[PDB]
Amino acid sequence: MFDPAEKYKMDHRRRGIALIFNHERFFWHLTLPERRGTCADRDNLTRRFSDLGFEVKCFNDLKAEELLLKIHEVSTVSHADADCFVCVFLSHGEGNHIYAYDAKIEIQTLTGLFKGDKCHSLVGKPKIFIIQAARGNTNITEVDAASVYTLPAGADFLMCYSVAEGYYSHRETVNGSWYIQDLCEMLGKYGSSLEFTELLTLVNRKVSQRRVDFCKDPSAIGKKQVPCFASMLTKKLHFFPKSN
């Protein structure tokens, strides 16, 4: 009965929710820099995910408690009538942690709320996390060292990462993160036609190909960016237009 071309069923009434936690500033006593440009990331993502049928819900500079409450809320609501779930972190991170405004949170505990154990309505449905996080140091290009582990999650999770270990994350202070720029461009051109990992692969090409030989800053030279993704998907994932 088994089928090599099998797709996730993307014919539910609604596409689903895209959460976007967007962190620009941080509590003084953490000594983390402003992520100038993250608002371009937030806006570009919000548009592209809207266009694919997502109920996008942004949240600027939440503290740990607020963030946990919001994501727990979304986990316990029924996704019975939904194709999939997307969650995006634009912040600083270290190891297995993302930074809220006031403290770091274990990525494991955020992804764990959708494990299908904990959230029955999303069993057998794609759960995509996109993470644009790294180490805190007119349109300048600021450069952070990779810091967030390229963790997997569980069955039917796709974890997507701005940068792999050893490489470097770039953010233009007006245009935003290189990862998110190229992601959003490819979503723009291909989101509705291409399989999502085929697209994520295009993003890897586009970001790896960005030249870093002749740079305005002398010490940003030879700092290449290579993003990855960790698939535990079990079927092809397409965001074909849902019919009106």
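Just count from 1 along the sequence shown to find any residue number.
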Where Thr76 meets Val77 in the shown sequence, the number of deposited residues left unmodelled: none
Stretch with the higher entry mean CA B-factor, where the candidates are 215-223 and 54-62: 215-223
206-214 or 175-183, whichever carries the higher mean Cα B-factor: 206-214
Most elevated Cα B-factor in the entry, residues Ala164, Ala133, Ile140, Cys160: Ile140
Third of the chain's Cα B-factor distribution that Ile105 belongs to, per the entry: lowest
Chain third (lowest, middle, highest) by recorded CA B-factor, residue given as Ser192: highest
Chain-wide C-alpha B factor ranking for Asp117, given as lowest, middle or highest third: highest
Lowest, middle or highest third - CA B-factor, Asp156: middle
Assigned third (lowest, middle, highest) for the C-alpha B factor of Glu94: lowest
